[PDB]
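Before any questions on how it binds or moves, here is one chain, the form deposited in one PDB entry, in structure tokens.
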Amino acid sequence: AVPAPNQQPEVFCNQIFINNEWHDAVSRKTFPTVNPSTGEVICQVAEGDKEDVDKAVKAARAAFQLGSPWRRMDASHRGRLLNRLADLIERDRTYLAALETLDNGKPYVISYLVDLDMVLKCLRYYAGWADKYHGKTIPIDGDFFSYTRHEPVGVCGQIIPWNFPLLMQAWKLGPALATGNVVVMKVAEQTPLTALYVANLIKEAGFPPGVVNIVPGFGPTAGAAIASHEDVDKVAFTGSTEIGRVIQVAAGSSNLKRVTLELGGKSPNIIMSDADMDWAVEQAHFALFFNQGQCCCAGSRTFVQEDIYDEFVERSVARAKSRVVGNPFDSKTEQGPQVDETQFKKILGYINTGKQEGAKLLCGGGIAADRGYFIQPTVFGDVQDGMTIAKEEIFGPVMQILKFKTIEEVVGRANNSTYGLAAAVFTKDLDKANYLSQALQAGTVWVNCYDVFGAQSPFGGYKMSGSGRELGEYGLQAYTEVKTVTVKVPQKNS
């Protein structure tokens, strides 16, 4: 029941969003955005700069002053504003899905049924938490009355990736606005249009000026300026590991602001010999090739027991060869183009390196179309732990299948990594499922499923995959600082 899409929607939101008004860059420099399906320029977006970041941060700080309309606003009213924003987004669902498809390149059906549905669910979920994050009345010793108040941390600088523009923007705006903070958001240079349109919808919803500010920046300049600003109380970053380390170093060296990181990973996928063959094959294919493999928790490493290795490999190759690649607006299309040329060339180089290392190429391994950044679904068999493709995040539609013999060995091999963002287990035995769920050192473990993301369930990673959580009640912890008030009383009684 997908409505008819407009393949070339109009683009007008291309400036910096500050104080519920659109301002051009101080340097007047603009950067172009490229449609990945065809390689042509969609529109020109103003390039964020350090001075623009300073203006946005000053506006946010002014909006966060004590006694301001945002600070005096009731929590239930903040939830009502979030619900109003969600309703406004749902009103323009078709246009937002079309713009997301045009800018990112993901299939329109996926954008309409998955991305925007999850955005609405996340916004409406964090609308509820506005007036339900209670404190505590501490029963301290002596004739004292102690209690804790949950207060907004302050100005929050948020940097979102390009794989899920709307979804990550919702995940960042939900808890921040629910807890009463002000946001100075930096969007990815690849996909800036959807965030700007959402900012216009935010202005329409009725948020006070300066609460939400979006600065579209082209490069690490705006991100570094946000992470190094003194008035930014907290910085939240989601992206590559190197940029995350740079942001953390800059934040620690600037004002010791709170830092929350959500980096990439090398999430494994374990298939036990007793698992349902068809369901396991389909779920592994979906886990690896979802969003053209541009997922932080993609199941790149697929561990299959020696008993069912041959049949699983054959079924996976057959399924991958039948995947449809083409124009995302087409109904039959299952895989769209890559986000940009850089990722296209990086994935091609990764495929070439994997072929050089001796991994068996089962299918794909080349360009899918002469125009656009389309890559054929690639599957690598007989992959070893020493191979580069088995250790680095390809971040593309490349499948690697590894063989294991015993459960202890597969646990040791899966946990032998610097990333613990996610993991999966496919089996029908209760004991094996429990043991694998407990032993695996992953932030999220899925049993007989994959990519089951809910706003209620927190998401995070161990080791160097990041720190903290971004979903559920745990997400509210990062955007809140606890204040303890102790009052002397004439006499305390139980």
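We number the residues from 1 along the sequence you see.
If you look for the form deposited with a small molecule bound, you will not find it shown, but the lines that follow are about it.
For the residues 97, 304, 212, 298, the 4.5 Å heavy atom test against the small molecule in the bound PDB entry is passed only by 298. The listed set 108, 373, 380, 171 contains one residue whose heavy atoms approach the small molecule in the bound PDB entry to within 4.5 Å, identified as 171. Comparing 160 to 168, 310 to 318, 365 to 373, 197 to 205 against the small molecule in the bound PDB entry, the single stretch with non-hydrogen atoms within 4.5 angstroms of it is 160 to 168. A residue is said to contact a partner when one of its heavy atoms sits within 4.5 Å of a partner heavy atom; residue 112 fails this definition for the small molecule in the bound PDB entry, lying far away. Interface membership of residue 453, defined by any non-hydrogen atom within 4.5 Å of the small molecule in the bound PDB entry, is confirmed. The closest heavy atom approach of residue 184 to the small molecule in the bound PDB entry falls outside 4.5 Å. In the bound PDB entry, at least one heavy atom of residue 421 sits within 4.5 Å of the small molecule. Residues 118, 290 and 470 are all found to lie within 4.5 Å of the small molecule in the bound PDB entry, as judged by heavy atom distances.
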